[PDB]
Amino acid sequence: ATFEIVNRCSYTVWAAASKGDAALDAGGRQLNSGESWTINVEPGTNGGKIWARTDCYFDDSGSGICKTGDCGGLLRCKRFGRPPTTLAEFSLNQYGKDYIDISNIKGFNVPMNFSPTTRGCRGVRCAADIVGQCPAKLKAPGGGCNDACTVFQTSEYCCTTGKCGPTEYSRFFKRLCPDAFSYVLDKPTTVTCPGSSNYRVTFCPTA
C-alpha cells in the first residue's frame, strides 16, 4: 500500500512511520512546508502508526532530539514516539478490509487529516486548535497537549483495569475532535476501507 505524507503546516515537521517494533519504509524524514513524502507499507501490516515530530535537531548519523514525538532520538523511527502525538493508525488487509483512525489517546501535537486516495470509504480529520485551547494541566512545555494518562498515570485515565469511563480531560479532546479516539474505551471512530487501499496523511489540513 502507498501512503503520501504531506506537510501543509507553515513549519517544518519530521514525519515518522513505525509499527512499534520496526520502521515502516525509511521510518522518518524531514518535511519542509509543502513537501510530500511517498512511502510503501507492506500489505498485512497490523498496528502501523504515522505521526509528526516538531522542533527536532539531528546530526549526521541521524541522532538527536525532538520536542514532540521523539522516538528514542532517531531520525528513522523504529519504535513509537513520545507523547504528545496526534496519531494516524492503520491495520491493512485484515480479512479483506483496511481499518484506519485518528487517535488523541497519546495527546495532540499537530492537526491532521487521514484520507484514502482510492475508493469506497471516507477520511477522518482532527484539525481543531487543541494546543491553543489545551487545559492548563495538560499543556506540554515543548508544545502540544498531553493526554491525561501520560500526565497523571492513574488506572482511570490509562484504563489499566479494562474498565474506565470518559473524563473531563477526554471530553475536552472529544469535544474538539469528535472523529478521533479521546480515551482507550471511546466509542470507535474507526473507518472500514477496502483491502489494499491507498492513503494520504496531511498535516495542518486547513491552515
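Undergrad: So what exactly am I meant to see when it comes to the environment of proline 194 here?
TA: Among the secondary structure elements, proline 194 is positioned in strand β12 (residues 191-194). Exposure remark for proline 194: the relative accessible area of 29% places this residue in the partly exposed category. Separated by 76 residues in the primary sequence, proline 194 and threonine 118 place their C-alpha atoms 9.0 Å from one another. Non-local contacts of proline 194, meaning those with residues more than four positions away in its chain, are made with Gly96, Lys97, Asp98, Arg119, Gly120 and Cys121.

Undergrad: Help me out: how do you make sense of the UniProt feature "disulfide bond" in the protein chain in this one?
TA: The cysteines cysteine 9 and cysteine 204 that UniProt joins by a disulfide are bonded here; their SG atoms are 2.0 Å apart. Note that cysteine 9 is positioned in the loop between β1 (2-7) and β2 (13-18) and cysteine 204 in the segment after β13 (199-203), a separation of 195 residues in sequence. Note on accessibility: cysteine 9 and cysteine 204 belong to one class, buried. Formation of the UniProt-listed bridge between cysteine 134 and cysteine 145 is supported by an S-S distance of 2.0 Å, under 2.5 Å. Linking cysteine 134 in the loop between α1 (130-133) and α2 (148-152) with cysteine 145 in the loop between α1 and α2, this pair joins segments that are 11 residues apart in sequence. The burial state of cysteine 134 is the same as that of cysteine 145; both residues are buried.

Undergrad: What is the right way to read the sheet that holds strand β4 (residues 36-40) from this model?
TA: Either a parallel or an antiparallel arrangement is found when strands of a sheet pair, and the pairing is made through backbone hydrogen bonds. If you walk across this open sheet you meet the 5 strands as β4-β1-β13-β9-β10, and the pairing is mixed. Only two strands of the sheet have a single partner each, and these edge strands are β4 and β10 (124-126). The sheet shows a mean angle of 15° between the axes of neighbouring strands, direction not considered. Relative to β10, strand β9 (residues 112-116) runs antiparallel, the two sharing 3 bridges. Its bridge partner lying in β10, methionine 112 is registered against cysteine 126.

Undergrad: What's the story with the packing of aromatic side chains in this structure? I'm lost.
TA: For any pair of aromatic rings, the description consists of the separation of the ring centres together with the inter-plane angle of the planes. The full count for this structure, using the stated rule, is 10 aromatic pairs. Taken together, a centroid distance of 6.2 Å and an interplanar angle of 70° make the contact between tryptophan 51 and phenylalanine 80 edge-to-face. Here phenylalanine 80 lies in the loop between β6 (64-68) and β7 (87-94) and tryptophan 51 lies in strand β5 (residues 48-58), a separation of 29 residues in the sequence. What links up through ring pairs into an aromatic cluster is the set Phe3, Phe90, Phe114 and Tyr199. One residue, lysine 49, lies across the ring of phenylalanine 80, its end atom 5.3 Å from the ring centre.

Undergrad: Please explain the layout of surface pockets as it appears in this structure.
TA: It is a probe the size of a water molecule, rolled over the atoms, that shows where empty space is left. Put simply, the largest pocket is a space of about 330 Å³. What lines the largest pocket is a set of 21 residues, among which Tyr11, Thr54, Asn109, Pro111 and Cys204 lie closest to the centre. A class-by-class count of the residues in the lining of the largest pocket yields 11 nonpolar, 8 polar and 2 charged. Size it by volume and the second largest pocket reaches roughly 160 Å³. Looking at the second largest pocket, it is lined by 17 residues, and the ones nearest its centre are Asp147, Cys149, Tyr157, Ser182 and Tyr183. When residues of the lining of the second largest pocket are traced back to their parent elements, those giving at least two are α2, α3 (155-158) and α4 (168-176).

Definitions and cut-offs
Residues numbered from 1 in each chain as written, not as in the entry; some residues may be left out. Heavy atoms only, no water. Helix = DSSP H or I, 4+ residues; strand = E, 2+ residues; numbered from the N terminus. Buried < 20%, exposed > 50% of the residue type's maximum accessible area, 1.4 Å probe, protein only. Contact = heavy atoms within 4.5 Å. Disulfide = S-S within 2.5 Å. UniProt positions renumbered as here; feature names shortened; annotations may be inferred. Pairing = 2+ DSSP bridges. Axes fitted to C-alpha atoms, helices over the stretch in contact; angles between N-to-C directions. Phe/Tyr/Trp six-rings, centres within 6.5 Å; stacked < 30°, edge-to-face > 60°. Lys NZ or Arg CZ within 6 Å of the ring centre and 35° of its normal. 1 Å grid on protein atoms, 1.4 Å probe; cavity = no way out; pocket = protein on both sides within 12 Å on 5 of 7 lines; lining within 4 Å. Points joined across faces, edges and corners; volume = space filled by probe spheres on them. Nonpolar A, V, L, I, M, F, W, Y, C, P; charged D, E, K, R; others polar.

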